[PDB]
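Visitor: First the structure, then my questions, so here it is.
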Amino acid sequence: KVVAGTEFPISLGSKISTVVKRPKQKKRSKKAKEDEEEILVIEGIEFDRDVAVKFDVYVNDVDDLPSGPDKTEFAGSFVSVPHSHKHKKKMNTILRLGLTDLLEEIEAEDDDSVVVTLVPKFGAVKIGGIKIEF
Ligand SMILES: [Ca+2]
Ligand SMILES: [Cl-]
């Protein structure tokens with residue numbers, strides 16, 4: 001299912017994808033800040049600590065056909081091992097993934113946005129938001 005950016009926060013009960021804008025400086029010049037890593041930030045990841053959580057993150061070129069064959073590229077994963085905490089039932093955390101090499105490999109360096117796919121593997125988890133920044 002394709003989800004708008006304003007649909008977050010969301011419960012990640014199934015695989016979803018969303019269009020994420022690259023940083024604003026890239027709109028003017030696609031090689032702006034070329035010696036800095038371009039970082040995908042998944043914010044507000046929230047779940048019960050006693051629930052094992054895993055989801056995988058993929059990226060694809062925004063111009064690919066969603067009704068066409070999968071051209072998604074693995075970017076990273078979020079994992080939590082079940083545990084208890086002396087004063088918290090839940091964890092609220094973040095995942096940051098480097099995109100610079102990935103965008104070159106998928107040949108999306110000229111694009112202003114990308115598609116991010118989140119693939120739940122186990123555990124109930126909320127995703128607060130997604131952005132790309134330096
Ligand atoms: Ca493209
Ligand atoms: Cl926390």
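As shown in the structure tokens, the chain order sets the letters A, B, ...; within each chain, residues go from 1, and ligands are also counted from 1 in the order they appear.
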Give the strand (DSSP E or B) residues of segment 3-118 of chain A, as assigned by DSSP on the backbone, as a VMD selection string.
Guide: chain A and resid 10 to 11 16 to 21 39 to 48 53 to 61 73 to 80 90 to 98 113 to 118
Visitor: Show me which residues are within 9 Å of ligand 2 counting only C-alpha atoms and all ligand atoms, and format the list as a PyMOL selection string.
Guide: chain A and resi 46+88-93
Visitor: May I have the selected residues written with C-alpha atoms, as a short mmCIF file (atom, residue, chain, number, x, y, z; two decimals), in the first residue's frame?
Guide:
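Contents of out-v6.cif, freshly written:
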```cif
data_model
loop_
_atom_site.label_atom_id
_atom_site.label_comp_id
_atom_site.auth_asym_id
_atom_site.auth_seq_id
_atom_site.Cartn_x
_atom_site.Cartn_y
_atom_site.Cartn_z
CA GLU A 46 7.52 3.00 19.23
CA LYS A 88 9.42 2.06 30.89
CA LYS A 89 7.02 -0.32 29.18
CA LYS A 90 7.77 1.10 25.73
CA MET A 91 10.71 2.29 23.67
CA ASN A 92 10.55 5.38 21.48
CA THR A 93 13.53 5.48 19.16
#
```
Visitor: Throw together the list of residues within 6 Å of ligand 1, counting only C-alpha atoms and all ligand atoms, and drop it here as a list in words.
Guide: residues 61, 62, 63, 108 and 111 of chain A
Visitor: Quick one: write out the picked residues with C-alpha atoms as a PDB file, in the first residue's frame?
Guide:
```pdb
ATOM      1  CA  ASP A  61      13.429   5.257  -7.802  1.00  0.00           C
ATOM      2  CA  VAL A  62      10.245   7.341  -7.581  1.00  0.00           C
ATOM      3  CA  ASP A  63       9.691   6.989 -11.335  1.00  0.00           C
ATOM      4  CA  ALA A 108      18.238   8.027  -8.683  1.00  0.00           C
ATOM      5  CA  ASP A 111      15.601  12.742  -8.665  1.00  0.00           C
TER       6      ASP A 111
END
```
Visitor: For residue 86 of chain A, which residue out of A:49, A:69, A:115, A:40 is the nearest one, using only C-alpha atoms?
Guide: A:49
Visitor: For residue 35 of chain A, please output as a PyMOL selection string all residues within 12 Å (counting only C-alpha atoms; exclusion window: fewer than 2 positions along the same chain).
Guide: chain A and resi 31-33+37-38+100-101+134
Visitor: Please produce a file of those selected residues containing N, CA, C and O atoms, as a compact mmCIF listing (two decimals), in the first residue's frame.
Guide:
```
# COMPACT_ATOMS: atom_id res chain seq x y z
N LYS A 31 24.06 17.78 -6.67
CA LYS A 31 25.30 17.40 -6.00
C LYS A 31 25.64 18.33 -4.83
O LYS A 31 26.76 18.27 -4.32
N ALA A 32 24.69 19.16 -4.39
CA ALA A 32 24.92 19.96 -3.20
C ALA A 32 25.33 19.05 -2.05
O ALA A 32 24.78 17.96 -1.88
N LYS A 33 26.35 19.47 -1.30
CA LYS A 33 26.77 18.75 -0.09
C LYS A 33 27.22 17.32 -0.39
O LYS A 33 26.89 16.39 0.35
N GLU A 37 27.01 12.67 4.13
CA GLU A 37 26.09 11.57 3.91
C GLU A 37 24.66 12.08 3.89
O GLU A 37 24.26 12.87 4.75
N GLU A 38 23.88 11.60 2.93
CA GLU A 38 22.45 11.87 2.89
C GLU A 38 21.78 10.75 3.68
O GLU A 38 21.96 9.58 3.37
N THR A 100 23.65 7.75 0.38
CA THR A 100 24.41 8.32 -0.73
C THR A 100 24.81 7.25 -1.75
O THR A 100 24.57 7.40 -2.96
N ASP A 101 25.43 6.16 -1.29
CA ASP A 101 25.82 5.11 -2.23
C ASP A 101 24.60 4.44 -2.85
O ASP A 101 24.60 4.11 -4.04
N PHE A 134 20.58 15.96 5.98
CA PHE A 134 22.01 15.92 6.27
C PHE A 134 22.23 16.07 7.78
O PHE A 134 21.39 16.62 8.50
```
Visitor: Excluding residue 133 of chain A and its own-chain neighbours fewer than 3 positions away, which residues fall within 12 Å of it when counting only C-alpha atoms? Please give them as an MDAnalysis selection string.
Guide: chainID A and resid 20:26 33 36:42 96:100 113 130
Visitor: I need the alpha helix (DSSP H) residues of chain A per DSSP on the backbone, written as an MDAnalysis selection string.
Guide: chainID A and resid 25:28 100:106
Visitor: Using only C-alpha atoms, determine which residues lie at most 10 Å from residue 77 of chain A, disregarding the query and same-chain residues fewer than 2 positions distant; provide the list as an MDAnalysis selection string.
Guide: chainID A and resid 54:58 74:75 79 95:97 118:120
